[PDB]
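Next up: a single chain in structure tokens, the form deposited in one PDB entry.
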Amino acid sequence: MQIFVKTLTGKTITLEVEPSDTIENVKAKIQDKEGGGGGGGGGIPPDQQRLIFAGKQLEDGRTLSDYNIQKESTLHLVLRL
């Protein structure tokens, strides 16, 4: 299914996910989508980032289906520094 993410730089991207995908699996899919410019090494680590859905912070050890995140949902990436 498709979900959308608003990234830290304000872009919107589309991911292909399954309801059983874990929160870190989703985060990793986001990183994959943003790595065709800088070139070498350059990024903010997964643990400094969180995903928010409808005002709620998503936690690790959980899947998309655990938050009832369905197709065409938008998630927001935020920093937790």
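Residue positions are given as counts along the sequence shown, with the first one as 1. Basically, rigid core = biggest C-alpha set you can superpose within 1.5 Å across the two forms.
Note that the form deposited with a partner chain bound isn't included here; everything after this is about it.
*Asks:* Might residue 28 be said to contact its partner chain in the bound PDB entry, defining contact as any heavy atom within 4.5 Å?
*Replies:* Answer no; every heavy atom of residue 28 is more than 4.5 Å from its partner chain in the bound PDB entry.
*Asks:* When you overlay the rigid core, is the Cα of residue 28 off by 2 Å or more between the shown form and the other one?
*Replies:* After core superposition, the C-alpha of residue 28 moves less than 2 Å between the shown form and the other one.
*Asks:* Using a rigid core superposition, assess whether residue 52 undergoes a CA shift of 2 Å or more between the shown form and the other one.
*Replies:* Not so; residue 52 is displaced by less than 2 Å.
*Asks:* Since the CA distance of residue 25 and residue 9 differs by 3 Å or more in the bound PDB entry, is it closer or farther than in the form displayed?
*Replies:* Result: farther.
*Asks:* Just say closer or farther for the C-alpha distance from residue 9 to residue 30 in the bound PDB entry, relative to the shown form; it changes by 3 Å or more.
*Replies:* Compared with the shown chain, residue 9-residue 30 is farther in the bound PDB entry.
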